[PDB]
Amino acid sequence: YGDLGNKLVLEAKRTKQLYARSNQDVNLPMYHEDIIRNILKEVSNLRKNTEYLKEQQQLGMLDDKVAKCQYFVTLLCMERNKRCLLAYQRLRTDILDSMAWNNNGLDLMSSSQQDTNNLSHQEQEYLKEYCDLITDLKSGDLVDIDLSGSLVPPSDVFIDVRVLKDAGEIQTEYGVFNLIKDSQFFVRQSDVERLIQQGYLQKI
Amino acid sequence: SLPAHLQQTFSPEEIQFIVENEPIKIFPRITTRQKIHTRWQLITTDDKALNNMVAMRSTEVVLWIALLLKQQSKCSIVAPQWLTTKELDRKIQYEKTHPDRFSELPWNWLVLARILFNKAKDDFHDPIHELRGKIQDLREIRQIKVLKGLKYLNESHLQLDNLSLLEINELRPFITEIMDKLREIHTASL
Amino acid sequence: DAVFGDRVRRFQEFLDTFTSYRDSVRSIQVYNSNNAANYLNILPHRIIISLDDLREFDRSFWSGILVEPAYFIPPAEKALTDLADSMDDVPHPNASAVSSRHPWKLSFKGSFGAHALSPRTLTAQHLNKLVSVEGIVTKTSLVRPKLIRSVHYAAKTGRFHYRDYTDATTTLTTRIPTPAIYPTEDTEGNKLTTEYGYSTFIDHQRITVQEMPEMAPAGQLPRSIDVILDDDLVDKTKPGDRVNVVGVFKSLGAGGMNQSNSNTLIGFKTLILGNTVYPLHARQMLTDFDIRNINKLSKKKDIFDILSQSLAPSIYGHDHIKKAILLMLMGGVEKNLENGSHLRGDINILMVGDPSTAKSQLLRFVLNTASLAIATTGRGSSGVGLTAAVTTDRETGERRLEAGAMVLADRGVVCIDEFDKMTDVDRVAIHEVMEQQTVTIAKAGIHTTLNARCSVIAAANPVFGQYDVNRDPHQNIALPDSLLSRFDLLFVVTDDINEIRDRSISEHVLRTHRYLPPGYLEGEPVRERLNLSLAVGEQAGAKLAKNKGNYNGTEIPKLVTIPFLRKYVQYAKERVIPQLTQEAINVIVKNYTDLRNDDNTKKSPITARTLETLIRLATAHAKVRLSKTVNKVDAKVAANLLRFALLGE
Amino acid sequence: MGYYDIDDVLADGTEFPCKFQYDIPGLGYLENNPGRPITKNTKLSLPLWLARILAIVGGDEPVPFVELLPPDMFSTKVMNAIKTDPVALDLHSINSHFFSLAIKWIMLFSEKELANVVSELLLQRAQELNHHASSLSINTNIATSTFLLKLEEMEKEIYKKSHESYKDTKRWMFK
Amino acid sequence: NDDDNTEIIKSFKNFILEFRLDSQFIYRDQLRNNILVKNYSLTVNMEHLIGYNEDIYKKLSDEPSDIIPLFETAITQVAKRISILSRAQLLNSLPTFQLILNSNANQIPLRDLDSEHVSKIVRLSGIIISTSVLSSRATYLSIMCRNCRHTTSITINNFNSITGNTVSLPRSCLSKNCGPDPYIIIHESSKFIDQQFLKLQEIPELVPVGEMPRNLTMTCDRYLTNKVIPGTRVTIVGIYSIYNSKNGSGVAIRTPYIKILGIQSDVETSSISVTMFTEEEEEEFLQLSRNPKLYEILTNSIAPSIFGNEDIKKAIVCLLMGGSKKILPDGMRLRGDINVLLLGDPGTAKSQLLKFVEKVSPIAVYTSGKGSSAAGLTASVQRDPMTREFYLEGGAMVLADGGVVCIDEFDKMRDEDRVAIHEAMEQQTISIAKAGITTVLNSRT
DNA sequence: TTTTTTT
DNA sequence: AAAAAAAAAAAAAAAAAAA
Ligand SMILES: Nc1ncnc2c1ncn2[C@@H]1O[C@H](COP(=O)(O)OP(=O)(O)OP(=O)(O)O)[C@@H](O)[C@H]1O
Ligand SMILES: Nc1ncnc2c1ncn2[C@@H]1O[C@H](COP(=O)(O)OP(=O)(O)OP(=O)(O)O)[C@@H](O)[C@H]1O
Ligand SMILES: [Mg+2]
Ligand SMILES: [Mg+2]
Ligand SMILES: [Zn+2]
């Protein structure tokens with residue numbers, strides 16, 4: 001018996017559709033560790049039952065065919081439970097890494113989801129480790145090229161930029177930009193992509 | 001990169017980039033022939049033409065440099081032999097008279113057309129609307145031929161001798177997945 | 001031209017490829033020959049093909065049939081006639097019968113796909129194409145013969161002459177019409193006398209089929225289409241039946257394209273030339289292992305209560321009601337005596353009770369479970385319109401009786417809701433049909449008695465909002481005792497307020513509302529579906545697939561599924577006619593004498609007719625256990641059930 | 001065959017009819033009264049993920065514990081229905097894992113007569129999928145929706161991918 | 001005579017093939033997408049027609065019935081040009097394409113139509129009350145003679161200028177010595193289209209003083225059929241023309257009617273059982289559904305001018321959403337609606353909520369309990385004036401199936417009329433047994 | 001005197 | 001040139017009856 005596991009797996013499918021329709025990593029939903037621990041306790045029951053049945057099989061009063069068929073059935077049940085759990089976990093890890101790869105590996109809690117409370121503690125420490133790896137990777141031979149930069153090919157040099165949020169003044173190379181609220185800039189493309197990804201600039 | 005399976009095909013922006021990475025002829029307005037000044041000394045283009053240019057003489061530069069100079073007043077792009085009515089006419093006649101072979105046309109079909117129409121609106125000898133309509137006619141005819149040819153899809157291979165870039169790009173996923181499923185069925189049957 | 005010959009020979013090749021149809025033809029021929037002069041049934045010249053085999057043989061001919069039957073069916077019929085003629089061998093035939101020239105028209109079965117429609121979906125682009133439409137039978141016309149080919153004789157010449165007449169609806173192909181003028185003069189002035197008994201006449205009947213109202217759009221009325229069928233199958237079925245008809249959908253008539261038009265917005269006629277008809281019935285036969293399973297169930301000790309509990313599992317309590325319904329669905333036999341006239345044979349049951357105690361739901365379940373049933377409401381019916389109607393048929397201009405509601409359900413069951421809310425006038429009609437099960441219509445020059453042997457199940461509300469248990473039972477009911485004494489069994493249901501029963505029924509109801517159709521997720525509502533893949537459809541004893549009936553594990557006692565129960569009812573109502581014995585007589589008479597003189601309060605007074613109810617209940621219970629004789633156990637159970645229904649546990 | 005694929009995991013969960021070719025005491029505990037054993041030739045509806053194995057183990061006449069009966073989805077009725085006209089068939093109604101189940105069934109039992117018909121079915125449906133994918137807006141008929149609601153789940157991803165490809169190409173072309 | 005037709009067709013084809021905004025030829029792309037999904041139709045916006053050229057608009061304004069067929073055949077010529085290869089020389093199952101117009105002219109009410117609008121394009125709006133069943137009309141007729149016995153084809157256009165407009169049968173035969181009209185119609189090998197009739201009633205709030213609403217008749221054909229249902233506000237664009245009445249009173253009478261060319265509806269036939277919204281609108285609906293407090297937004301939005309009442313508004317919203325329909329293996333149905341009764345003191349504005357609820361719900365009817373009867377709500381049995389045959393016509397409660405019904409003054413209705421609704425609301429199916437007609441009709445509201 | 005029901 | 005009308009269903013106003 002492992003039908004309950006399907007209830008988990010089916011749910012995961014919906015989350016993928018959430019990724020599919022949006023086409024943007026955002027608002028990962030709350031976990032389902034309750035059903036997971038339900039499956040864990042039932043599989044502990046299955047394991048103890050299998051151990052007991054092996055005990056009586058070794059005891060001599062248990063039929064060999066009954067013992068073997070019970071063993072195979074229980075083993076298949078454990079196999080399906082494990083498959084369901086890892087099927088959930090792999091997708092969760094994949095979407096977590098996809099989210100972590102594009103935000104420069106800083107987790108950006110100041111400005112995706114706000115609380116990140118919808119993630120398990122193990123998932124959060126995994127996210128921290130992946131951010132560590134992301135920071136480490138660009139610190140080696142590829143220091144001159146930012147791996148977490150844009151992916152749109154550079155098509156034009158001068159674009160119009162309209163302010164979205166207010167700040168003070170920000171220095172650049174050979175100049176300084178004052179982020180007055182709701183103004184327009186005629187600046188170089190390769191200077192403001194960092195701000196645009198941060199959400200402080202609009203109207204590319 | 002993955003970003004929702006963007007790791008399997010090309011986005012139209014990448015196609016436009018890989019097309020503008022191509023050489024073209026130019027008709028410069030200014031002169032920078034060396035005093036007999038700053039060296040161009042690029043890393044992915046022969047700077048000799050850039051350094052050795054003089055006004056009102058034809059020379060070859062990569063496309064995006066020509067576009068940048070056209071954003072300024074130092075450029076005059078020379079259109080290819082396609083972009084004229086009397087060549088497109090014989091081309092459409094060739095498609096009409098041969099209902100099975102796609103006409104000979106390069107990979108950069110319709111992309112150079114879009115870019116030149118968007119930027120170099122004024123340097124043409126022909127009205128823009130006529131050329132746009134004829135290009136639209138070519139697009140429709142080739143689309144019809146593609147639909148006609150797609151009817152049969154062997155599980156072994158196929159030949160598409162004269163498809164341009166965008167036409168292949170748009171059709172890649174559907175065709176690939178259909179033949180993958182057919183191959184899976186056939187192999188599973190054996 | 002020669003395309004007809006090529007198609008004919010190709011069809012001959014196809015017929016020669018398969019051997020089943022030739023076997024059917026020779027069986028028909030030998031049966032007809034055996035029925036000639038050997039010390040009344042005849043087999044019509046029709047054979048059913050399965051066009052799946054035709055598709056598997058030739059796609060071109062199959063496509064030609066299913067797209068343009070006009071140019072394809074007649075060649076097939078001609079080839080079939082030629083093959084039948086060649087196989088036929090009658091050295092010594094008759095004279096008038098040999099000139100029939102029956103062409104052996106065809107019938108079809110198999111998968112249609114996009115050509116199985118509904119009366120609402122039929123439209124312009126489906127014309128001239130073989131189709132198969134489902135629906136309900138609304139009304140039928142009158143059988144009328146029509147002429148095809150006449151025979152003439154002249155005394156001087158001695159040469160018989162024949163002229164053949166065909167109309168637009170007679171043949172699929174349009175030809176120059178011929179009037180019905182009898183030619184009585186030869187080319188040289190000889191007198192010609194029409195020879196009856198040698199001419200050809202075929203039956204004709206028109207019916208109209210209507211889409212089922214259940215599958216209807218949002219706030220739209222059901223619609224109907226016109227069907228013509230002739231020759232054989234001319235008077236099958238009746239109004240109020242679920243049918244599926246396969247035929248050609250064609251247009252006919254000028255429609256006003258001639259000078260006869262009076263307005264610009266005229267139209268054309270549309271009509272169906274039916275080829276074959278099947279009883280949809282939403283199948284009715286018994287297999288060998290089906291009979292084995294029925295027998296092994298019957299020989300069990302406790303089949304009756306299992307069958308009772310099997311009825312409507314979603315209704316809590318009311319076990320005795322379920323038992324009463326089971327006994328009513330398969331009631332006792334009719335009795336007719338050369339001197340004693342007739343005795344009523346089935347059971348009638350009435351329900352009166354406090355509101356919202358699941359009476360209408362059980363009545364709906366009885367509607368769905370029973371074979372033939374019709375639903376009526378007290379406020380939505382008129383007594384005169386319930387039994388018969390005087391309407392004029394359009395084609396003949398003659399007024400003919402139209403069957404009423406309960407006449408259609410003869411030998412079936414009729415369920416009435418809001419019975420006490422009916423107009424009193426209509427009630428008297430009910431009494432008539434409860435008196436001798438016969439309705440007589442004498443009006444506008446028609447004097448006829450119509451048979452109606454149906455049983456009635458009904459539910460009614462008390463006079464007040466709720467039943468008053470401290471009052472006279474007659475005080476609580478608005479119906480006169482004249483018809484209340486007719487009903488065999490009367491039940492009073494009241495929802496006593498007890499927290500234990502409240503919790504139990506709450507658990508049951510909450511269990512019900514958490515149900516999901518198999519193979520369907522819970523996030524989206526129920527959608528409409530397509531019909532079955534085949535327009536026409538049709539190792540033993542070792543599987544017990546649906547025989548045990550226990551679909552899921554919820555209680556130790558067994559359960560049976562609805563189709564098996566209906567099969568059991570069908571077997572029981574035909575294969576056994578039990579007879580009572582003297583021991584059951586002794587028990588019944590003892591119980592009747594005791595009950596007559598118990599002399600205490602009771603819900604209703606008792607009289608002699610209750611002994612008839614005991615007899616019929618014992619007969620029904622004997623039918624339940626499939627025995628040809630009534631034993632005292634059935635008398636005991638009938639007495640117990642009567643005591644529960646009239647005294648109260 | 002992918003371990004970490006959602007659709008395959010879901011498709012493994014469907015139930016297939018099967019019969020106990022062999023009689024084993026003490027079984028059926030997980031479905032009925034545990035104390036009563038299961039007698040021989042008993043029909044059951046077991047899930048695929050265990051019926052696939054229990055039909056091949058043998059265990060031991062090394063006959064397997066279970067014998068798997070032909071499922072109702074693969075019936076002559078459905079074969080005729082799919083052959084006569086596949087384009088208008090609502091194959092979604094028959095099952096919502098039809099193609100993967102077909103692949104697994106044909107893998108378990110090699111049958112040349114299913115491969116060709118299924119291949120032709122999907123090949124014919126692909127043309128209409130392409131037809132609808134090419135169409136774009138710029139007042140909507142029922143044909144498109146009633147077709148789209150009949151699809152198998154595995155064709156939906158092809159439809160979406162093609163639709164997005166065409167939409168992106170159109171958007172780039174017109175600016 | 002033919003030269004003018006050729007010039008007009010050429011001009012329309014030039015307009016179709018030459019009109020472009022920005023970098024898009026809108027109508028050619030529309031034609032391609034329409035042909036792909038087997039919707040042989042095209043939609044013309046009148047403003048584009050005027051802007052491209054004014055003389056063609058003038059000609060379309062002067063004689064609509066004479067001009068429209070030329071355009072609707074130029075469309076099919078262009079479609080054949082840009083969808084089928086000539087292959088240096090087949091099926092050709094492309095009928096004449098349907099032309100549908102849209103415009104934004106000044107509305108003209110029903111009662112303002114007079115003799116000066118004959119054979120003119122007009123725009124108007126009303127309410128739909130009754131719909132006729134479908135019917136067939138011939139477009140390509142195969143005609144065979146009897147004596148000479150030769151075949152001929154007649155092509156029929158569905159536009160009528162004069163009342164007759166029909167060549168019934170050619171006089172004499174084609175070349176011996178046949179009769180007047182020895183021709184018959186070959187029913188096989190012919191082409192037929194579909195036609196339907198509709199009735200329009202005046203909008204309630206434009207009725208002039210002390211009057212009764214007036215009815216009008218409309219004819220629709222091909223794709224325009226089966227698009228509306230009775231009781232839905234619509235906007236129609238068409239031609240106002242007349243047809244003679246020989247079978248009919250007066251002298252030289254000619255009953256007028258409307259030929260539908262374009263229909264705009266408020267519900268867009270969406271509920272009439274699948275979802276067809278675009279991705280933008282569905283995304284917006286999801287975005288609103290994602291709001292954490294949309295319950296209060298909807299509660300406030302129910303009758304903003306009514307002050308103070310809260311639980312009643314919550315109940316009204318809950319009723320509008322409705323329950324969840326269920327079904328069971330044994331056939332038992334379970335109701336999926338909720339029924340609310342307001343039983344209050346005078347002056348508390350009970351009906352002011354009723355008419356607003358009628359306004360909000362997509363399917364709603366408002367009626368008084370005093371002016372109602374049992375036969376006038378569930379089902380009414382009529383009989384035809386001519387053929388006398390009985391038929392079933394639905395009332396009010398069936399007309400609002402799949403929606404909600406607004407009844408006020410529930411007590412004033414007669415006791416006999418208050419018992420017919422019991423089954424109609426407890427089981428949602430009404431049964432009729434009258435004049436031999438037995439029918440189980442469903443009503444979900 | 002009033003409302004109900006039948007003609 | 002003519003099928004045309006008896007049989008039903010539904011909506012009132014008057015009178016008489018019961019409370
Ligand atoms: N024992 C029961 N088991 C299940 N449902 C029950 C039971 N008793 C009552 N109900 C529920 O009570 C509701 C009453 O519905 P329904 O109108 O059919 O009842 P009723 O007693 O026939 O009422 P009425 O006399 O008003 O027609 C139903 O929804 C039904 O499911
Ligand atoms: N809460 C309220 N806020 C504003 N206006 C109100 C409110 N209650 C009543 N009204 C006013 O009452 C007036 C009349 O109300 P209406 O006649 O619809 O009330 P009702 O309760 O339906 O009456 P009835 O029981 O007599 O049919 C309206 O003009 C409306 O403005
Ligand atoms: Mg009820
Ligand atoms: Mg009011
Ligand atoms: Zn002639």
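We count from 1, first residue shown onward.
Yeah, the Cβs are placed from backbone N, Cα and C, and that goes for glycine too.
Per Swiss-Prot, the features are:
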type    : residues                                                       : note
BINDING : E:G344, E:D345, E:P346, E:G347, E:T348, E:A349, E:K350, E:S351 : ATP binding site
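Counting every protein chain shown, the number of other Cβ atoms lying within 10 Å of the Cβ of E:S351 (ATP binding site) is 14. When secondary structure is read from DSSP and collapsed to three states, E:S351 (ATP binding site) falls in the helix class. The Cβ of E:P346 has fewer other Cβ atoms within 10 Å than any other of the binding-site residues E:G344, E:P346. Under 8 Å, Cβ to Cβ, and six or more positions away along its own chain, E:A349 (ATP binding site) finds E:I306.
A simple Cβ count within 10 Å picks out one of the binding-site residues E:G347, E:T348 as the most packed, and that one is E:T348. Every protein chain considered, the tally of other Cβ atoms within 10 Å of the Cβ of E:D345 (ATP binding site) stands at 6.
Counting only same-chain residues at least 6 apart in sequence, those with a Cβ under 8 Å from the Cβ of E:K350 (ATP binding site) are E:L342, E:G344, E:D408. Among the binding-site residues E:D345, E:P346, E:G347, E:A349, E:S351, the ones whose Cβ sits under 6 Å from an atom of ligand 4 are, in sequence order, E:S351. In the three-state DSSP classification, E:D345 (ATP binding site) falls within coil.
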